[PDB]
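Taking it in order: structure first as structure tokens, then the write-up.
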Amino acid sequence: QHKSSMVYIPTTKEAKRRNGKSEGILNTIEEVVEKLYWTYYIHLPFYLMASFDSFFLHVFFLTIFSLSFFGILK
Amino acid sequence: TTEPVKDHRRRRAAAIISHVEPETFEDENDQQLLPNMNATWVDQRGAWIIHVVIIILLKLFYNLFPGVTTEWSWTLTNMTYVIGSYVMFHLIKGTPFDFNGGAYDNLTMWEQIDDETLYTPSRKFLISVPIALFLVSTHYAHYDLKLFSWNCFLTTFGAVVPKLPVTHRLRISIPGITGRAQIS
Amino acid sequence: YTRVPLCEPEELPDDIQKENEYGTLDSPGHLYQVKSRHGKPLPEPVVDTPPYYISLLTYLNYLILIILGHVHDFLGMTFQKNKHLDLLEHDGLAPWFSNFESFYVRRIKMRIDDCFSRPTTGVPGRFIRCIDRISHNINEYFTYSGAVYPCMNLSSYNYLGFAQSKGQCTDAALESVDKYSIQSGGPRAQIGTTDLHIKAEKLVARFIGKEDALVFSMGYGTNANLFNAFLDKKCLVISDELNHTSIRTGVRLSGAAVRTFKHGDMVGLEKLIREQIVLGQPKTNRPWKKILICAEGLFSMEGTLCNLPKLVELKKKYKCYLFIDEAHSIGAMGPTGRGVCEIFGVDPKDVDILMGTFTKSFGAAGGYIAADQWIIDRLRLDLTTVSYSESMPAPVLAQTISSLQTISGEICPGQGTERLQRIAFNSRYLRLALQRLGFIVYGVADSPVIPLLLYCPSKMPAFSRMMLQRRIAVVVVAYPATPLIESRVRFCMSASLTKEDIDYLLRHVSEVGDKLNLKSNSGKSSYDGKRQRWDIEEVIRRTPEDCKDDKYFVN
Amino acid sequence: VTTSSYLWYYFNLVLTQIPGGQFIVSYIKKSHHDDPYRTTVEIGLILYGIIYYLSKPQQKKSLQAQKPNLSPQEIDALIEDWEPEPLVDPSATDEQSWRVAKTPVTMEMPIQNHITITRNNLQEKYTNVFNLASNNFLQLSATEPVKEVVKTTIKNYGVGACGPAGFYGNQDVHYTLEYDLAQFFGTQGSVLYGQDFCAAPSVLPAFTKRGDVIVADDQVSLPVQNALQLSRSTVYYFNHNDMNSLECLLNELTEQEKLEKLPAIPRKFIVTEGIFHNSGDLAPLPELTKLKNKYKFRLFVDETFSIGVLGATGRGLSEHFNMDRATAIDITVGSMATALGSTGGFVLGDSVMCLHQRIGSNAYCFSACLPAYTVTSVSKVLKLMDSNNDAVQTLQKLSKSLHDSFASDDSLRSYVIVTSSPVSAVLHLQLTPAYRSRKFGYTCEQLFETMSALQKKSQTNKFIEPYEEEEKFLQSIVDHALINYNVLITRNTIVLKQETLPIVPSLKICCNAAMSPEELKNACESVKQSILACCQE
Ligand SMILES: C[C@@H]1CC[C@@]2(OC1)O[C@H]1C[C@H]3[C@@H]4CC=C5C[C@@H](OCCC(CO[C@H]6O[C@H](CO)[C@@H](O[C@H]7O[C@H](CO)[C@@H](O)[C@H](O)[C@H]7O)[C@H](O)[C@H]6O)CO[C@H]6O[C@H](CO)[C@@H](O[C@H]7O[C@H](CO)[C@@H](O)[C@H](O)[C@H]7O)[C@H](O)[C@H]6O)CC[C@]5(C)[C@H]4CC[C@]3(C)[C@H]1[C@@H]2C
Ligand SMILES: CCCCCCCCCCCCCCCCCCCCCCCCCC(=O)N[C@@H](CO)[C@H](O)[C@H](O)CCCCCCCCCCCCCC
Ligand SMILES: CC(C)[C@@H](C)/C=C/[C@@H](C)[C@H]1CC[C@H]2C3=CC=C4C[C@@H](O)CC[C@]4(C)[C@H]3CC[C@]12C
Ligand SMILES: CC(C)[C@@H](C)/C=C/[C@@H](C)[C@H]1CC[C@H]2C3=CC=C4C[C@@H](O)CC[C@]4(C)[C@H]3CC[C@]12C
Ligand SMILES: CC(C)[C@@H](C)/C=C\[C@@H](C)[C@H]1CC[C@H]2C3=CC=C4C[C@@H](O)CC[C@]4(C)[C@H]3CC[C@]12C
Ligand SMILES: *Cc1c(COP(=O)(O)O)cnc(C)c1O
């Protein structure tokens with residue numbers, strides 16, 4: 001009652017702990033940057049579009065934020 | 001000549017102004033059998049504020065340009081919304097997905113909202129928004145005679161006159177501009 | 001090499017392949033017994049909502065996709081028209097279909113098409129084996145390379161775990177291929193009826209509780225060809241707005257007047273009936289010939305029950321007939337697996353016509369109808385499928401005999417009870433844990449179908465892709481079948497999965513949800529009235545012993 | 001003109017219904033008084049924003065006439081006095097009880113050439129009878145290699161799939177059959193369906209809608225009729241195998257459409273079939289192909305009884321006439337239980353139609369997949385049939401001798417006629433229009449007009465006395481044949497109240513490829529004697 005034929009992919013935490021990662025100066029940015037690299041991406045409809053259209057949409061969001069922000073100072 | 005055992009023949013128009021004929025017993029069952037999905041989302045949650053949000057974003061985006069004066073920024077956002085509303089509500093006839101038998105294939109989305117019932121809350125909201133937008137624009141920014149005249153003649157013949165109960169199920173055919181409409 | 005490869009069968013000893021298909025129980029403390037709901041009304045369901053901005057974002061995304069979608073086709077078909085010869089007229093013949101009628105499948109479903117249909121080889125047990133493909137162009141054609149990797153499944157319909165390749169059921173089927181053959185004689189009305197068909201008809205009748213039964217060969221065939229036998233242009237049919245397609249095809253063919261009512265409202269129905277009786281027939285104002293009420297035993301999309309105690313009372317004050325469909329509840333619900341008529345305590349003679357199928361639980365394709373005596377006699381001659389269609393084969397029937405007996409407790413002593421408590425326990429355990437972690441789930445606190453809601457459109461394909469790598473299979477739905485705001489993923493439990501697999505499932509779904517920001521709960525879901533966000537270890541340690549109690553479940 | 005007159009009542013009656021109208025209009029006046037143009041434009045738009053908001057819901061005009069002048073006392077009286085009808089009428093349930101008490105049941109043996117039957121709830125028992133009612137014509141599913149493929153598939157794949165065609169259900173063995181059928185019949189692809197009876201009603205509505213035109217045969221089977229009813233499109237009819245009528249009908253439709261000046265041309269179809277289910281004669285293909293090419297029509301052929309009986313090998317009607325299926329026929333609907341030897345059904349066509357069918361067909365999207373052993377067994381039979389073609393030659397030889405024996409006779413010329421074709425494997429017999437009159441006194445036209453009027457009036461009871469007498473007489477001939485001699489034959493079983501097209505009771509004899517010439521010759525003589533003995537007296 002303890003044998004099967006499936007291989008278990010280890011959980012995301014487990015892989016790091018085995019390889020020996022327990023540090024934390026620029027170590028608390030790799031993960032914090034990745035967290036910011038999902039909030040912006042997911043909520044916009046980026047998966048359903050095409051490459052050419054997504055290229056224009058990414059450029060559009062960059063320029064709109066830039067013009068809004070630099071005009072704030074000036 | 002000979003006539004068929006079962007006849008479902010679409011009929012064109014023979015006059016400039018014509019009305020979609022009332023449906024028969026079989027058409028009534030087809031429409032009533034399945035609840036529609038084009039007109040259901042109007043009553044759902046968060047389907048009223050989204051019009052206020054779109055107006056605000058369009059005003060801010062158009063105001064972002066440096067050389068645009070406040071008069072022409074209001075006229076632009078009034079142009080974009082009135083044109084956009086008219087295209088979505090009163091232009092595309094039928095249904096996008098597959099409805100049984102194509103019974104909903106001669107009426108627009110506005111007359112498809114809430115089972116042709118009139119004077120419902122949703123119709124009260126959608127007819128009260130453009131009137132407020134036109135009033136605030138013309139009071140907030142001073143206009144001359146030419147611009148005030150033009151924007152009025154877009155607002156009226158584009159967002160209010162079609163939605164009136166009188167113009168319901170009415171099709172206008174001009175021998176050159178639009179083809180012979182489908183009356184049945 | 002551009003085709004789907006024909007996979008070879010893996011080779012192993014006997015014990016190993018008896019654990020791939022049906023896992024054994026861990027401890028005797030993982031069993032729960034259902035109790036009846038006699039004498040208690042059904043409370044109104046409670047629903048949860050996410051914050052405003054999520055709904056606002058969903059509207060913005062669909063508006064953007066729709067605007068972009070129409071623009072692509074107009075520029076294409078009008079200007080570059082030599083790569084779209086399959087959507088334009090060619091030398092006097094109209095095209096097979098039009099652009100508008102197919103604007104959704106081509107333009108909003110094509111990119112997510114890799115998830116929807118998957119080739120598989122092997123028996124669908126608690127581990128399902130899948131072939132591997134690599135996507136080319138943008139899902140235009142697929143290339144297959146010849147490997148197999150097992151995956152845990154939550155999609156296949158084996159509620160009681162009869163889908164086995166080595167056991168009593170498969171022994172009985174193999175013996176039949178010797179005595180009978182795999183060929184059907186023809187229409188049941190002239191030749192092709194054997195004693196095996198008669199025995200199953202009697203066994204189905206005793207099991208469910210009515211007086212007599214009939215047996216067909218397709219669930220779609222059973223319902224589609226049934227309604228025209230006793231309805232005409234002078235009848236009225238009142239049906240719910242969330243019923244299955246097989247029922248609807250029978251009615252539109254019949255031609256009776258159809259009126260529908262909002263789902264879950266037991267008042268608006270009464271206003272509809274009092275109105276329709278007085279008005280009468282159209283254009284003539286004459287009384288209706290008969291009024292029929294259709295409903296469903298359990299709705300798959302929502303996972304909520306039908307208030308049978310109310311419907312039985314209403315069909316008695318106004319003299320209306322009643323029709324009930326129990327496909328997802330015949331063999332796996334109730335205290336002893338008989339259906340909605342048992343869990344609510346209503347007497348079986350109140351309902352007029354019953355229906356069901358064999359695929360979902362007992363493990364074979366077919367269907368049955370049960371009614372009173374004189375009702376069956378007239379329907380046996382007025383029906384068209386009996387005299388024109390084909391008949392069902394023997395091995396499908398032989399298993400259905402050797403499964404309706406195990407659950408009933410005749411051929412096997414203690415396996416039916418040991419297969420109706422496990423599925424009850426698993427559904428109790430998964431539903432409480434997901435509610436405690438912070439997700440939003442629908443249901444009636446016992447339905448095996450557990451839908452989880454995802455609102456943003458891009459979040460659905462990402463969730464599905466991410467977990468096949470994590471080695472788990474799921475299924476999703478979209479706008480053409482569900483409201484614009486609400487999209488969901490659907491879980492199907494089984495009697496084979498154990499406590500450990502649920503733990504293994506819970507860990508992976510916890511991490512995925514945290515990454516995608518999926519836990520958006522409120523105080524209405526819990527019972528105390530305050531939001532909750534618990535740690536994973538506390539959930540796994542406490543939930544298994546608290547899922548048996550009832551007071552913790554909201555509905 | 002005097003149009004300004006009515007507008008005055010409106011805007012005065014509007015302001016008096018409004019709780020305050022004099023003040024608000026006065027306030028708007030004084031604030032924007034510079035130019036009248038402005039004050040006009042805003043006094044209007046806001047007010048109809050007010051009046052429309054203050055109005056009340058109004059319902060559309062429906063067919064049912066409203067009764068708003070009824071007090072609650074009446075509505076309680078009307079609802080109480082209502083009296084419904086029974087669910088199914090038990091008035092005449094005993095009259096048709098003989099057709100269900102005569103159904104033979106086989107006891108613990110496969111349906112083969114020699115079986116054992118009992119009738120009427122174990123009351124009577126007959127043993128070692130000669131079967132002539134089976135619907136299988138080749139008997140290749142009973143061989144050893146087919147059985148071994150079945151057992152292995154059962155062990156390794158279980159009994160049945162547990163998922164719809166959409167996701168988990170389609171599997172590797174399924175796709176193998178689709179590739180195999182397409183290669184064998186020379187088509188680009190194919191699609192499998194759960195049941196043959198639900199094939200035509202599920203594919204025809206997919207490609208047909210309102211505004212189309214369909215030209216169908218004078219008499220077709222029931223499933224074709226159901227497909228036409230669900231299509232929701234104009235449907236014409238032309239005489240049974242009359243090319244002049246088909247040409248005249250197609251010429252008229254084309255000329256009318258050209259004169260109409262319509263922007264987009266609609267979809268047109270031609271619906272017929274191969275070996276007819278009720279008549280059992282053959283349809284001419286070359287005329288249909290030449291007519292569809294000149295007049296721009298699509299062709300739809302529903303062959304079920306000719307898949308494995310026609311042609312030098314068994315590829316269907318296309319092989320028999322020496323043509324190709326890629327260009328002759330657009331849509332083909334077939335079945336597997338009649339000849340191949342297992343349940344199911346398939347559709348043949350090019351790639352575009354199959355792709356649209358995977359998503360737009362109700363019976364495929366919303367139903368489960370076929371079991372594994374059915375698919376593997378058929379694939380084995382296809383491989384055996386392609387390897388050798390001896391069974392088809394023998395079946396063709398017996399069918400020709402059977403029809404020749406009953407149609408070259410002379411003493412049955414005044415009682416029965418043969419309405420079949422020499423290539424058909426089933427022989428149908430009816431009664432001459434003169435003999436039927438002498439004992440029952442009615443014709444086909446009188447039956448069709450009576451039933452059509454009965455259906456239109458929507459009466460609750462449908463019962464025809466002379467039609468029942470003919471059915472009882474035919475069943476008497478079948479019973480006599482079986483009691484004295486060990487021969488079992490069947491009669492064409494129909495449900496009259498579901499038919500729209502004219503039809504008459506008949507009697508049919510089947511055949512297959514595992515009999516012998518000596519046995520079939522003696523069965524022919526015994527049936528001949530049975531028909532005479534009952535009729536002559
Ligand atoms: C700032 C700059 C500038 C401005 C700008 O941005 C950039 O602004 C940008 C914003 C853009 C608009 C955004 C959104 C729309 C609405 C859309 O709505 C489609 C509505 C679809 C459904 O509608 C029909 O629905 C039914 C089915 O057809 C009809 O009735 C049935 O009745 C019975 C039902 O059973 C049966 O009899 C039949 O089924 C039938 O009769 C009903 O009458 C009719 O309404 C139709 O769409 C198709 O219509 C054509 C025909 O199918 C397509 O093919 C033809 O298109 C051209 C035609 O001349 C030529 O190329 C060729 O002839 C040929 O290819 C065409 O490709 C395509 O549009 C049409 C395009 C438009 C205006 C865009 C244009 C481009 C912009 C102006 C951009 C622009 C660039
Ligand atoms: C002189 C000329 C000057 C040119 C100036 C240029 C002006 C640009 C005008 C752009 C107009 C674009 C309008 C596109 C609308 C086309 C929609 C056709 C789709 C047909 C589908 C029929 C049924 C599906 C309906 C449905 O389910 N809809 C829903 C989605 O599922 C529905 O989409 C969502 O709930 C959101 C509703 C938001 C409502 C806000 C409308 C405000 C106006 C927006 C215009 C934007 C203009 C951008 C430049
Ligand atoms: C430049 C365009 C936008 C102008 C000319 C459009 C005006 C249209 C919409 C107006 C002008 C006259 C109006 C009109 C004329 C006559 C009648 C007949 C009457 O029994 C009901 C109202 C009805 C049907 C209305 C409908 C709307 C019409 C046709
Ligand atoms: C900006 C445009 C759209 C404005 C001016 C036009 C509106 C139309 C619809 C209005 C203006 C005058 C109205 C009008 C004039 C006169 C009459 C005759 C009266 O016995 C009944 C109402 C009736 C028939 C209405 C119908 C609707 C009309 C024609
Ligand atoms: C008055 C001018 C400035 C116009 C442009 C302003 C507002 C419009 C929308 C208003 C003003 C008067 C209104 C009006 C006048 C008279 C009638 C006839 C009545 O039987 C139905 C309503 C109807 C058809 C409405 C329709 C909407 C109208 C025409
Ligand atoms: C599953 C479904 C069917 C499908 O019947 P099958 O025999 O599985 O093809 C019929 N009825 C209901 C209610 C269903 O959910």
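Going by the structure tokens order, chains are called A, B, ..., each with residues numbered from 1, while ligands are numbered from 1 in the order shown.
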TODO: Please identify every residue of chain D that has at least one atom no more than 10 Å from any atom of chain B, counting only C-alpha atoms, and report them as a PyMOL selection string.
DONE: chain D and resi 37-38+41-42+45-46+48-50+52-63+205-206+208-213+215+228-237+249+252-253+262-263+360
For the interface of chain C with chain D (cut-off 7 Å, counting only C-alpha atoms), please tabulate each contacting residue of chain C alongside its nearest pair of atoms and their separation in Å to one decimal, rows sorted by chain and increasing number, as JSON lines.
```
{"residue": "C:4", "atom": "CA", "partner": "D:172", "partner_atom": "CA", "distance": 6.5}
{"residue": "C:5", "atom": "CA", "partner": "D:172", "partner_atom": "CA", "distance": 7.0}
{"residue": "C:6", "atom": "CA", "partner": "D:172", "partner_atom": "CA", "distance": 6.0}
{"residue": "C:92", "atom": "CA", "partner": "D:296", "partner_atom": "CA", "distance": 6.3}
{"residue": "C:93", "atom": "CA", "partner": "D:296", "partner_atom": "CA", "distance": 6.6}
{"residue": "C:94", "atom": "CA", "partner": "D:267", "partner_atom": "CA", "distance": 5.7}
{"residue": "C:96", "atom": "CA", "partner": "D:207", "partner_atom": "CA", "distance": 7.0}
{"residue": "C:116", "atom": "CA", "partner": "D:167", "partner_atom": "CA", "distance": 5.3}
{"residue": "C:117", "atom": "CA", "partner": "D:167", "partner_atom": "CA", "distance": 4.0}
{"residue": "C:118", "atom": "CA", "partner": "D:167", "partner_atom": "CA", "distance": 5.9}
{"residue": "C:119", "atom": "CA", "partner": "D:171", "partner_atom": "CA", "distance": 4.8}
{"residue": "C:120", "atom": "CA", "partner": "D:171", "partner_atom": "CA", "distance": 4.8}
{"residue": "C:121", "atom": "CA", "partner": "D:171", "partner_atom": "CA", "distance": 6.1}
{"residue": "C:122", "atom": "CA", "partner": "D:157", "partner_atom": "CA", "distance": 5.4}
{"residue": "C:123", "atom": "CA", "partner": "D:157", "partner_atom": "CA", "distance": 4.9}
{"residue": "C:156", "atom": "CA", "partner": "D:162", "partner_atom": "CA", "distance": 5.7}
{"residue": "C:157", "atom": "CA", "partner": "D:162", "partner_atom": "CA", "distance": 5.0}
{"residue": "C:158", "atom": "CA", "partner": "D:162", "partner_atom": "CA", "distance": 6.9}
{"residue": "C:163", "atom": "CA", "partner": "D:158", "partner_atom": "CA", "distance": 6.9}
{"residue": "C:164", "atom": "CA", "partner": "D:158", "partner_atom": "CA", "distance": 6.5}
{"residue": "C:165", "atom": "CA", "partner": "D:158", "partner_atom": "CA", "distance": 5.3}
{"residue": "C:179", "atom": "CA", "partner": "D:109", "partner_atom": "CA", "distance": 6.4}
{"residue": "C:180", "atom": "CA", "partner": "D:110", "partner_atom": "CA", "distance": 4.5}
{"residue": "C:181", "atom": "CA", "partner": "D:110", "partner_atom": "CA", "distance": 5.8}
{"residue": "C:182", "atom": "CA", "partner": "D:342", "partner_atom": "CA", "distance": 6.8}
{"residue": "C:183", "atom": "CA", "partner": "D:341", "partner_atom": "CA", "distance": 5.6}
{"residue": "C:185", "atom": "CA", "partner": "D:134", "partner_atom": "CA", "distance": 5.5}
{"residue": "C:186", "atom": "CA", "partner": "D:135", "partner_atom": "CA", "distance": 5.5}
{"residue": "C:189", "atom": "CA", "partner": "D:103", "partner_atom": "CA", "distance": 6.8}
{"residue": "C:190", "atom": "CA", "partner": "D:103", "partner_atom": "CA", "distance": 6.5}
{"residue": "C:191", "atom": "CA", "partner": "D:104", "partner_atom": "CA", "distance": 6.8}
{"residue": "C:193", "atom": "CA", "partner": "D:105", "partner_atom": "CA", "distance": 5.4}
{"residue": "C:194", "atom": "CA", "partner": "D:106", "partner_atom": "CA", "distance": 4.9}
{"residue": "C:195", "atom": "CA", "partner": "D:107", "partner_atom": "CA", "distance": 6.0}
{"residue": "C:220", "atom": "CA", "partner": "D:367", "partner_atom": "CA", "distance": 6.8}
{"residue": "C:230", "atom": "CA", "partner": "D:88", "partner_atom": "CA", "distance": 6.5}
{"residue": "C:253", "atom": "CA", "partner": "D:230", "partner_atom": "CA", "distance": 6.7}
{"residue": "C:277", "atom": "CA", "partner": "D:79", "partner_atom": "CA", "distance": 6.8}
{"residue": "C:278", "atom": "CA", "partner": "D:78", "partner_atom": "CA", "distance": 6.7}
{"residue": "C:282", "atom": "CA", "partner": "D:64", "partner_atom": "CA", "distance": 4.6}
{"residue": "C:283", "atom": "CA", "partner": "D:64", "partner_atom": "CA", "distance": 5.8}
{"residue": "C:289", "atom": "CA", "partner": "D:84", "partner_atom": "CA", "distance": 6.0}
{"residue": "C:290", "atom": "CA", "partner": "D:84", "partner_atom": "CA", "distance": 5.6}
{"residue": "C:359", "atom": "CA", "partner": "D:162", "partner_atom": "CA", "distance": 6.4}
{"residue": "C:360", "atom": "CA", "partner": "D:162", "partner_atom": "CA", "distance": 6.8}
{"residue": "C:363", "atom": "CA", "partner": "D:160", "partner_atom": "CA", "distance": 6.7}
{"residue": "C:364", "atom": "CA", "partner": "D:160", "partner_atom": "CA", "distance": 5.7}
{"residue": "C:375", "atom": "CA", "partner": "D:88", "partner_atom": "CA", "distance": 6.6}
{"residue": "C:378", "atom": "CA", "partner": "D:93", "partner_atom": "CA", "distance": 6.2}
{"residue": "C:387", "atom": "CA", "partner": "D:493", "partner_atom": "CA", "distance": 6.5}
{"residue": "C:389", "atom": "CA", "partner": "D:197", "partner_atom": "CA", "distance": 5.7}
```
TODO: Can you pull out every residue within 12 Å of region 36-51 of chain A, counting only C-alpha atoms, but drop anything in the same chain fewer than 2 positions away, and send it as JSON, numbers by chain?
DONE: {"A": [29, 30, 31, 32, 33, 34, 53, 54, 55, 56, 57, 58, 61, 62], "C": [53, 54, 55, 56, 57, 58, 59, 60, 61, 62, 63, 64, 65, 66, 67, 68, 69, 72, 106, 107, 108, 109, 110, 111, 112, 113, 138, 454, 455, 456, 457, 458, 459, 460, 461, 462, 463, 465, 514, 515, 516, 517, 518]}
TODO: For chain B, work out the contacting residues on chain C at 7 Å, counting only C-alpha atoms, and write them as a ChimeraX atom specification.
DONE: /C:55-56,100-104,257-259,484
Task: Test item, strand (DSSP E or B) assignment across region 244-445 of chain D, answer as an MDAnalysis selection string - done: chainID D and resid 268:273 298:302 331:333 345:349 368 416:418 427:431
Could the residues in this selection be saved with C-alpha atoms as a short mmCIF file (atom, residue, chain, number, x, y, z; two decimals), in the first residue's frame?
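Final output, saved to result.cif:
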```cif
data_model
loop_
_atom_site.label_atom_id
_atom_site.label_comp_id
_atom_site.auth_asym_id
_atom_site.auth_seq_id
_atom_site.Cartn_x
_atom_site.Cartn_y
_atom_site.Cartn_z
CA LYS D 268 -28.75 25.29 -51.07
CA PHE D 269 -28.91 21.54 -50.52
CA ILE D 270 -30.23 18.36 -52.10
CA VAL D 271 -31.32 15.60 -49.69
CA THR D 272 -31.87 12.01 -50.77
CA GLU D 273 -30.50 8.61 -49.85
CA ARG D 298 -24.80 20.65 -52.77
CA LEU D 299 -25.54 16.95 -52.40
CA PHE D 300 -26.37 14.97 -49.26
CA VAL D 301 -26.67 11.17 -49.34
CA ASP D 302 -27.68 9.08 -46.32
CA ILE D 331 -21.87 15.04 -47.07
CA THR D 332 -22.24 11.34 -46.29
CA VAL D 333 -24.00 9.87 -43.24
CA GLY D 345 -22.15 6.07 -36.63
CA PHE D 346 -19.92 8.35 -38.67
CA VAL D 347 -19.96 11.30 -41.07
CA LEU D 348 -17.68 11.77 -44.08
CA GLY D 349 -16.49 14.98 -45.69
CA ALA D 368 -19.80 11.03 -23.95
CA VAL D 416 -48.40 -9.52 -53.67
CA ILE D 417 -45.87 -7.39 -55.53
CA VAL D 418 -42.13 -6.89 -55.08
CA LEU D 427 -36.85 -8.14 -49.86
CA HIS D 428 -40.09 -6.25 -49.22
CA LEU D 429 -43.61 -7.40 -50.11
CA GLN D 430 -46.89 -5.50 -50.12
CA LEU D 431 -50.47 -6.19 -51.21
#
```
Task: Test item: residues no farther than 6 Å from ligand 1, counting only C-alpha atoms and all ligand atoms, as a PyMOL selection string - done: (chain B and resi 92-93+105) or (chain C and resi 74+77-78+100)
Task: Residue neighbourhood residue 107 (chain B), 10 Å, only C-alpha atoms, exclusion window fewer than 5 positions, as an MDAnalysis selection string - done: chainID B and resid 20 90:95 112 168:171 182:183
Report as a short mmCIF file (atom, residue, chain, number, x, y, z; two decimals) with N, CA, C and O atoms, in the first residue's frame which protein, DNA and RNA residues come within 7 Å of ligand 6, using only C-alpha atoms and all ligand atoms.
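The result, stored in out.cif:
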```cif
data_model
loop_
_atom_site.label_atom_id
_atom_site.label_comp_id
_atom_site.auth_asym_id
_atom_site.auth_seq_id
_atom_site.Cartn_x
_atom_site.Cartn_y
_atom_site.Cartn_z
N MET C 218 -28.41 5.47 -25.00
CA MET C 218 -27.68 6.74 -25.02
C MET C 218 -28.45 7.75 -24.18
O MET C 218 -29.67 7.87 -24.32
N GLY C 219 -27.73 8.44 -23.29
CA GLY C 219 -28.39 9.41 -22.43
C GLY C 219 -29.01 10.55 -23.22
O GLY C 219 -30.11 11.01 -22.92
N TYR C 220 -28.29 11.02 -24.24
CA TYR C 220 -28.85 12.00 -25.15
C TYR C 220 -30.06 11.43 -25.89
O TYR C 220 -31.05 12.14 -26.11
N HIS C 244 -29.98 20.84 -18.93
CA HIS C 244 -29.06 20.23 -19.87
C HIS C 244 -29.62 20.27 -21.29
O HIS C 244 -30.83 20.37 -21.51
N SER C 246 -29.82 18.01 -23.64
CA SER C 246 -30.62 16.88 -24.09
C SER C 246 -32.10 17.11 -23.82
O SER C 246 -32.96 16.70 -24.62
N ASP C 325 -34.82 14.78 -13.36
CA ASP C 325 -33.61 14.16 -13.96
C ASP C 325 -32.52 13.99 -12.90
O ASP C 325 -32.07 15.01 -12.35
N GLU C 326 -32.09 12.75 -12.62
CA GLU C 326 -31.05 12.41 -11.68
C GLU C 326 -29.98 11.57 -12.37
O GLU C 326 -30.01 10.33 -12.36
N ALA C 327 -29.04 12.25 -13.03
CA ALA C 327 -27.90 11.60 -13.66
C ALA C 327 -26.66 11.64 -12.77
O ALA C 327 -25.91 10.66 -12.70
N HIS C 328 -26.42 12.76 -12.10
CA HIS C 328 -25.25 12.94 -11.26
C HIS C 328 -25.49 12.59 -9.80
O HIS C 328 -24.65 12.92 -8.96
N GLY C 356 -32.34 8.82 -15.72
CA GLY C 356 -30.96 8.73 -15.28
C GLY C 356 -30.10 8.06 -16.32
O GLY C 356 -30.59 7.55 -17.34
N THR C 357 -28.80 8.07 -16.06
CA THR C 357 -27.85 7.41 -16.95
C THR C 357 -26.88 6.61 -16.11
O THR C 357 -26.89 6.67 -14.88
N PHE C 358 -26.05 5.85 -16.81
CA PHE C 358 -25.15 4.88 -16.21
C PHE C 358 -23.69 5.30 -16.26
O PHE C 358 -22.87 4.74 -15.53
N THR C 359 -23.36 6.27 -17.11
CA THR C 359 -21.97 6.64 -17.36
C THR C 359 -21.29 7.21 -16.13
O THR C 359 -20.13 6.87 -15.83
N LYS C 360 -21.99 8.07 -15.39
CA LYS C 360 -21.34 8.91 -14.39
C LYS C 360 -20.90 8.10 -13.18
O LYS C 360 -19.87 8.39 -12.57
N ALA C 365 -22.24 3.04 -20.66
CA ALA C 365 -23.09 3.98 -21.39
C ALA C 365 -24.50 3.42 -21.50
O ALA C 365 -24.68 2.25 -21.85
N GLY C 366 -25.49 4.25 -21.20
CA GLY C 366 -26.87 3.81 -21.24
C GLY C 366 -27.76 4.81 -20.52
O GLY C 366 -27.35 5.93 -20.21
N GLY C 367 -28.99 4.37 -20.25
CA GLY C 367 -29.96 5.21 -19.58
C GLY C 367 -31.21 4.42 -19.26
O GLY C 367 -31.42 3.32 -19.79
N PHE D 366 -21.87 17.72 -26.43
CA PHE D 366 -22.55 17.51 -25.15
C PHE D 366 -22.90 16.05 -24.91
O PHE D 366 -23.98 15.74 -24.41
N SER D 367 -22.00 15.14 -25.27
CA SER D 367 -22.24 13.72 -25.05
C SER D 367 -20.91 13.00 -24.86
O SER D 367 -19.85 13.50 -25.25
N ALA D 368 -20.99 11.82 -24.25
CA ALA D 368 -19.80 11.03 -23.95
C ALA D 368 -19.32 10.28 -25.19
O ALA D 368 -20.01 10.19 -26.21
#
```
